[PDB]
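Trainee: First, the structure itself, so that you have it in front of you.
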Ligand SMILES: Cc1cc2nc3c(=O)[nH]c(=O)nc-3n(C[C@H](O)[C@H](O)[C@H](O)COP(=O)(O)OP(=O)(O)OC[C@H]3O[C@@H](n4cnc5c(N)ncnc54)[C@H](O)[C@@H]3O)c2cc1C
Ligand SMILES: Cc1cc2nc3c(=O)[nH]c(=O)nc-3n(C[C@H](O)[C@H](O)[C@H](O)COP(=O)(O)O)c2cc1C
Ligand code: SF4
Ligand code: SF4
Ligand code: SF4
Ligand code: SF4
Ligand code: SF4
Ligand code: SF4
Ligand code: SF4
Ligand code: SF4
Ligand code: FES
Ligand code: FES
Ligand SMILES: [Zn+2]
Ligand SMILES: [Zn+2]
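Chains as they are written, first to last, in UniProt numbering: chain P, 10 to 962; chain D, 3 to 562, 570 to 598; chain F, 5 to 154.
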């Protein structure tokens with residue numbers, strides 16, 4: 010059949026639905042279509058424009074001469090409105106508010122879960138997807154994430170910064186994690202500035218492949234982390250270790266190379282493909298009041314650079330510091346530690362102080378005196394500073410909601426006698442240096458396009474304190490990572506298109522789906538995050554758990570020295586603190602179709618606002634959670650459980666807006682009997698049905714599927730094992746599998762993750778020395794269990810043939826003669842097995858006739874002989890058929906028996922047993938032969954610490 | 003000599019007091035030792051003049067209106083014994099000239115009416131098949147048994163008969179699709195699931211003349227090849243179910259239903275399926291799912307009911323009115339049916355005049371009659387002489403047609419053009435005291451209740467549209483709410499899966515199209531019809547008040570010469586029981 | 005016993021809705037034991053039975069009162085003042101529509117149409133129709149119903 014899709018000529022199968030073919034060639038959204046069921050018209054998202062009108066493509070059959078537009082303005086508007094309607098009834102958080110509070114948007118929930126498991130290297134690996142200096146951030150970050158935490162609404166926010174510091178220091182100490190560098194892209198990037206923004210840009214451009222050169226004026230890398238942040242907050246050995254981890258990736262460092270003196274920007278552009286300007290704000294703002302030239306007017310950044318460099322610093326007994334930033338606080342505490350009575354004067358109130366609040370409280374403990382709402386007007390003295398004239402200030406008018414401006418109170422002028430005045434009122438980059446290189450700046454801050462971070466010159470990007478003025482290390486790292494993303498987009502030619510996509514993705518959907526880079530950048534920088542408005546009443550059911558307190562150094566002792574005031578947490582408190590997380594994020598955030606469609610179609614949550622259906626979560630089942638607040642009502646779970654599994658776990662209840670999915674009224678999911686309850690977790694498209702995971706904290710991780718088989722029975726059903734850095738998270742169902750669905754035994758009992766650790770001799774575990782002694786002493790007839798792959802069976806058989814050891818298997822009989830086609834076509838079947846012990850027979854035999862006479866195929870349980878009709882002989886071992894094929898049946902006669910695998914019915918055997926472990930099924934590779942004669946491949950989820958081949962030598 | 007006395011015993015008659023009148027007539031006949039036949043009849047159509055008592059002479063029928071039990075002794079004494087009609091109470095006369103019944107009425111109700119479906123209602127006893135036989139019934143069944151089934155299909159498709167329950171698909175094409183479908187077992191369904199809140203015509207046919215529907219179903223089953231027929235009527239209509247069961251028993255015992263029907267070798271059985279009650283179950287696919295024991299959730303159309311319907315077998319689902327039209331076409335010919343109505347829409351339509359119309363009831367009008375004729379000559383206009391603002395045609399599925407478009411003929415396409423549909427056949431008349439925003443809100447409220455909650459567009463968009471309408475009605479709206487309605491309603495129409503959601507935005511769309519000034523007045527906090535509770539303030543006129551205080555003992559909230574605005578329940582009982590011009594509903598501003 | 009009626013019906017899934025109607029006639033509502041015996045006899049899941057039973061507004065899972073008040077909210081009754089008469093009924097009885105009084109005397113229901121659109125404000129109390137209802141008249145009817153009359 011010839012159909013025309015968006016002007017092109019296409020040939021499609023007549024019987025198959027149009028949505029399948031369209032999704033093959035382009036992108037079509039839609040929740041409710043599964044080919045195993047008939048077309049269902051519930052989601053209303055697969056709309057196409059036909060000559061007759063706008064219709065759903067899941068119901069259409071390809072006809073001759075049919076012309077379909079898949080992306081027109083009206084279709085975009087209709088899909089957008091449908092998504093907004095769905096989101097208007099959706100309740101839940103895609104990510105936790107901790108991730109939205111972080112300027113770099115780090116997966117706080119995921120690495121807190123990894124810390125609760127004890128996997129600190131993996132937690133740091135997850136941290137380094139969004140920033141580069143987790144130890145520095147654990148020491149100095151103002152903890153924007155802990156301000157937004159949902160634990161603020163119950164007792165106290167999680168100690169995210171301190172747990173991050175502990176894990177980062179563990180990684181630095183017990184071997185640092187270094188990333189994988191992709192093959193070289195042939196491009197070179199000039200980075201100017203050795204501060205955190207330049208380091209972040211270099212690190213994330215190196216992790217993409219480009220060769221990076223860092224230019225820095227100072228002799229060492231670190232910027233204001235090394236020359237402005239004092240060593241009682243950030244020890245420089247920690248900074249050296251962190252910067253070493255960044256620089257060891259392959260970054261070419263050129264320190265003592267300045268811009269404007271050694272190399273000009275035009276030469277940098279001509280030699281390098283793109284240039285990032287992260288020179289930072291290294292000039293201090295003057296106050297402009299008369300007498301500022303008097304001796305004793307030091308600037309805070311220069312003073313702190315002299316103290317950090319060890320240069321001789323002259324300081325009087327009385328010191329006044331002007332400002333309220335982090336610069337002022339570090340100046341105040343450094344001057345206190347040098348021996349001066351320090352007063353800090355700020356023009357605003359204490360609440361609006363930009364400084365880190367923990368540092369302000371620490372300074373108040375140490376003896377720093379504050380006077381807020383005060384402003385210096387004059388500095389009085391002959392040649393040196395003797396006194397400073399201060400005016401008291403009051404908050405002004407709210408103006409255009411500009412948080413008011415301080416207006417002086419006339420007549421409140423007072424004089425304070427001081428010796429040194431330190432200026433920390435702000436920072437900027439040299440305006441004349443910016444005119445020398447030709448970058449458009451206002452007030453000394455470089456003007457860049459807010460999306461692309463690009464200056465007025467092509468190939469020049471900027472960030473850090475150069476763009477944001479006095480800012481944070483994490484905000485600088487965020488600007489650096491975004492600039493690395495934008496530089497990688499500029500080096501491919503996609504930057505203008507990417508900026509258009511980031512402004513409004515609903516107009517460039519075809520380009521978003523057509524380009525991998527645009528899709529990745531859109532989902533990295535502008536993802537759809539769903540929010541709920543939660544007050545303190547919504548967390549009253551939560552157990553009140555206290556927050557860990559880390560014993561700071563004594564204020565009296567720490568006011569005299571430059572020793573670090575805050576230590577790292579003890580390892581016993583780390584797990585206790587990490588287990589206070591409430592896991593606010595959605596467990597299906599990395600696979601939810603609704604979130605993806607809302608990202609692509611620019612859907613707003615507040616487009617339609619009204620009443621939502623409020624449901625209670627049904628988490629009584631040991632393994633499955635049902636959340637009707639995240640139910641888009643597609644009917645796929647109902648269709649499966651009623652038309653394929655025949656179990657009827659859930660069904661549609663009530664009518665209209667009140668419709669929801671659930672068991673019979675008065676029962677929860679715990680009372681429901683069915684061996685295919687866990688298939689609903691893979692059936693659900695959004696995350697209303699989720700699986701409880703056997704980990705301490707289940708925090709959603711970006712797991713990668715691995716294609717293998719199940720070892721629960723002779724069926725050997727194909728499945729995906731979801732792995733995240735040696736963690737066997739869950740088993741899911743493949744679409745391309747011969748079975749399609751897996752049972753609750755595989756999912757919830759996990760026979761693929763089960764292994765006996767050590768050999769068992771006469772019912773007691775023994776070491777491998779005793780096993781080797783038993784193997785050397787006795788005859789040790791070789792008994793194979795059906796938990797071995799075909800290649801292992803061949804190896805063991807050849808070893809037995811070479812050495813002459815008698816070889817056998819616990820399984821006896823003959824293999825099956827039926828294929829899946831025979832069971833699929835036959836209508837009268839002979840069932841001489843228990844249906845519950847082989848759960849896939851429930852799906853395979855739907856609607857067949859279970860007879861005792863006149864049958865067409867026979868289903869019998871081994872050991873057995875094939876019958877006249879095509880027979881299905883089912884054993885309890887996955888590779889029982891492989892054992893039968895290779896001809897190792899029967900139990901041979903000998904004195905003592907070495908059995909490879911802890912299989913049942915070995916107690917029937919006569920003599921003494923040596924049960925050798927066969928290993929983890931998930932760590933095995935090869936092929937198996939299942940009941941229907943298929944040769945199915947097994948793959949490794951992680952590296953194998955045990956192999957039966959080397960054990961026998 | 004008075005042969006019979008008939009009392010109208012439909013649901014409309016029963017609600018008015020026809021049982022009391024019938025028993026009073028029986029008592030008066032027993033007391034006077036008279037020997038007249040007391041029979042029940044259906045509804046002629048004058049529902050405003052009920053209870054109706056018919057005195058049937060051999061040549062004339064004299065129908066009295068508003069026959070209460072206490073009027074019965076006077077009527078009996080003066081008419082059935084003395085022989086003098088009481089001309090004050092006579093509302094209808096029927097006489098026979100050349101075998102065609104001619105009608106005279108007080109109000110001119112029947113002048114513009116051509117009764118094809120309701121030709122026997124109100125004259126025959128619905129529970130006696132002998133009376134229906136004597137009225138020419140079941141002669142069309144014998145005639146259709148004479149001819150071949152495909153000839154019946156050609157007769158039906160050449161008459162221009164279109165579906166009376168919905169969009170108006172040609173009935174002969176539907177029958178042909180069911181007959182041409184491959185299969186040995188086929189079913190027919192009579193759709194009596196009138197979910198329209200203002201429609202009563204289908205139960206009117208099923209109560210006043212069920213044998214017409216039975217005969218039409220048998221003719222259609224012979225034409226298609228169906229073995230089993232289903233009458234899908236709601237359990238909320240018990241009188242219709244009772245009369246259908248009586249009629250089925252009488253038709254079975256006389257050989258019209260069963261095995262070897264009238265020597266045609268044709269076996270047909272009719273079984274009454276009682277619907278549980280849902281507006282969505284009137285949809286074809288939801289009706290099929292409801293008969294099969296599932297939820298009434300519609301499914302996509304490319305599998306059509308005429309090819310894969312009830313338990314997979316082909317099904318023909320037609321309305322009660324279409325099945326009732328079939329015997330008239332077989333008896334009188336397809337050319338006689340094509341001699342009525344417009345070019346595209348042939349025949350007659352049964353409408354239900356309700357609301358603020360004076361002569362409300364069941365009307366049988368030919369296609370192409372203008373709406374103004376129905377509203378003013380047949381309906382008589384409003385009940386208080388006020389002007390008619392609009393009409394709601396098609397129930398919740400249709401839309402409001404305003405008074406400057408009353409020249410539109412009632413055919414399918416002329417009504418489809420204006421943004422309404424013929425729909426069930428419901429015609430609700432709105433006057434100057436009706437808020438169009440309130441009407442749209444009521445229809446969207448009904449749609450929100452009756453949605454099956456399967457597709458996202460209907461389930462969610464109808465709730466969002468109703469919330470916007472409630473926001474506008476409470477006065478808390480703005481222009482952005484109206485723009486949201488204007489954007490959302492076409493998308494709910496275009497995107498929904500079944501006809502309930504595809505006709506759900508029709509009232510909102512039509513009210514915005516014709517009555518946007520009322521919407522913009524509600525944005526400013528005022529109801530031009532003084533209907534919305536928060537936008538009206540009940541003010542007392544002191545200069546026109548009286549010390550009698552008629553509207554002071556009837557108020558149950560105790561907010562009364571002075572009105573306690575902070576305690577007024579806003580019921581409105583003051584404005585009626587005052588029996589004086591002192592209470593004035595005024596804008597709260 | 006009470007559940008003998010189930011075995012007069014055919015053990016096909018199509019008999020579910022007629023069986024639900026028969027159950028609501030026999031008991032006045034849908035008991036749990038009857039529903040599980042219906043699910044057992046028809047071999048349908050109990051979740052399917054509950055979904056069908058909750059789809060239709062006829063079926064309820066709690067018994068009905070003595071006097072059932074049916075407020076008609078059809079188009080004809082709505083345009084003639086159904087909201088005011090429903091307000092009068094709710095204020096006199098003290099429950100919302102769709103609820104049963106604690107003593108079980110008055111059950112308040114909303115219906116689509118009753119056929120008597122000419123008696124445009126119309127309610128029905130135990131299959132008896134009262135028409136032409138101003139709010140005062142329906143308050144009188146409710147108060148006279150409460151005191152054992154009618
Ligand atoms: C005194 C002080 C205290 C602070 N305390 C805190 C704190 O407690 N917590 C917190 O979170 N943040 C704190 N900060 C902020 C912290 O420094 C941030 O990391 C800052 O925003 C870094 O910005 P940046 O990316 O521009 O790096 P910068 O630190 O500004 O790095 C500038 C780099 O550029 C180089 N450079 C300058 N000019 C040139 C040129 N012409 N050519 C070449 N290279 C050049 C410099 O040599 C240096 O290596 C503090 C800052 C200061 C100054
Ligand atoms: C929500 C909805 C309600 C309906 N209700 C009825 C109804 O009550 N009676 C009816 O005959 N058709 C009703 N229909 C139309 C039916 O789906 C179908 O079109 C009708 O039975 C066809 O009748 P016909 O063969 O005379 O054309 C309804 C359709 C929808 C979408
Ligand atoms: S179900 Fe999807 S859209 Fe809803 S909160 Fe979870 S991830 Fe977000
Ligand atoms: S960088 Fe700062 S805000 Fe971000 S997660 Fe770490 S502590 Fe929280
Ligand atoms: S409880 Fe956990 S997931 Fe929730 S905001 Fe806090 S850290 Fe994030
Ligand atoms: S629970 Fe999941 S699969 Fe089932 S209807 Fe809801 S969204 Fe669809
Ligand atoms: S049927 Fe057997 S092989 Fe298949 S998933 Fe279940 S336990 Fe594994
Ligand atoms: S339009 Fe409404 S009633 Fe029809 S299928 Fe969709 S949700 Fe159900
Ligand atoms: S409003 Fe009418 S009834 Fe009431 S006190 Fe005034 S005049 Fe009397
Ligand atoms: S309108 Fe009703 S509630 Fe208000 S004062 Fe009059 S009778 Fe009382
Ligand atoms: S409507 Fe087609 S996939 Fe949902
Ligand atoms: S609308 Fe209520 S009786 Fe018809
Ligand atoms: Zn009538
Ligand atoms: Zn109004």
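We treat Cβ as the ideally placed atom computed from N, Cα and C, and that holds for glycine.
1. Any heavy atom of ligand 2 closer than 7 Å to the CB of residue 81(P)?
2. Check for me: the alpha helix (DSSP H) holding residue 53(F) runs from which residue to which?
3. Can you tell me whether residue 295(P) is helix, strand or coil according to DSSP?
4. Which value, in whole angstroms, describes the spacing of the CA atoms of residue 161(P) and residue 106(P)?
5. Between residue 459(D) and chain P, is there a C-beta pair that is closer than 8 Å?
6. Under 8 Å by Cβ, that's how I've got residue 214(P) and residue 148(P) pegged, so tell me the actual separation to the nearest angstrom.
7. What does the Cβ neighbour count give for residue 77(P), buried or exposed, with the cut at 16 atoms within 10 Å?
8. Give the residues of chain F in contact with residue 436(D), contact being defined as C-beta atoms less than 9 Å apart.
9. My guess is that residue 63(D) and residue 56(D) are in contact by the Cβ rule of under 8 Å, so how many angstroms apart are they, rounded?
10. With DSSP as the reference, please indicate the residues paired to residue 995(P) in a beta bridge.
11. What is the residue span of the alpha helix (DSSP H) that residue 601(P) lies within?
12. Nearest to residue 497(P) by CA position, among 584(P), 696(P), 750(P) and 220(P), is which residue?
13. Determine the DSSP secondary structure at residue 491(P), reduced to helix, strand or coil.
14. So, for residue 900(P): in the same chain, excluding its five sequence neighbours on each side, which residues have a beta-carbon less than 6 Å away from its beta-carbon?
15. Could you check what DSSP says for residue 308(P) in three-state terms: helix, strand or coil?
16. In three-state terms, what does DSSP make of residue 94(D)?
17. Roughly how many whole angstroms lie between the Cα atoms of residue 144(D) and residue 211(D)?
18. Taking C-beta pairs closer than 7 Å, name the residues in chain D that residue 617(P) reaches, listed in chain order.
19. Helix, strand or coil for residue 64(F) per DSSP?
Mentor: Per the coordinate set shown:
1. Between ligand 2 and the CB of residue 81(P), the shortest heavy atom gap is not smaller than 7 Å.
2. Note, residue 53(F): alpha helix (DSSP H), 50-59.
3. DSSP places residue 295(P) in coil when its eight states are reduced to three.
4. Straight through space, the alpha carbons of residue 106(P) and residue 161(P) are spaced by roughly 11 Å.
5. Yes, residue 459(D) counts as interfacial toward chain P.
6. No, residue 214(P) and residue 148(P) are not in contact; Cβ-Cβ is about 25 Å, not under 8 Å.
7. The residue is buried, with at least 16 neighbouring Cβ atoms inside 10 Å.
8. By Cβ distance, chain F contributes 83.
9. Right, the Cβ-Cβ distance comes to about 6 Å (below 8 Å), so this counts as a contact.
10. Residue 995(P) is absent from the structure shown; chain P starts at 10 and stops at 962.
11. Run containing residue 601(P): none; DSSP gives neither H nor E here.
12. Per the Cα distances, 220(P).
13. Helix at residue 491(P).
14. Contacts found: 817.
15. The three-state reading of DSSP puts residue 308(P) in strand, counting E and B together.
16. In the structure shown, residue 94(D) sits in a strand (DSSP, three-state: E or B).
17. Cα atoms of residue 144(D) and residue 211(D): separation of roughly 19 Å, rounded to the nearest angstrom.
18. Against chain D, a Cβ distance below 7 Å from residue 617(P) picks out 466.
19. Looking at residue 64(F) - three-state DSSP - the assignment turns out to be coil, as it is neither helix nor strand.
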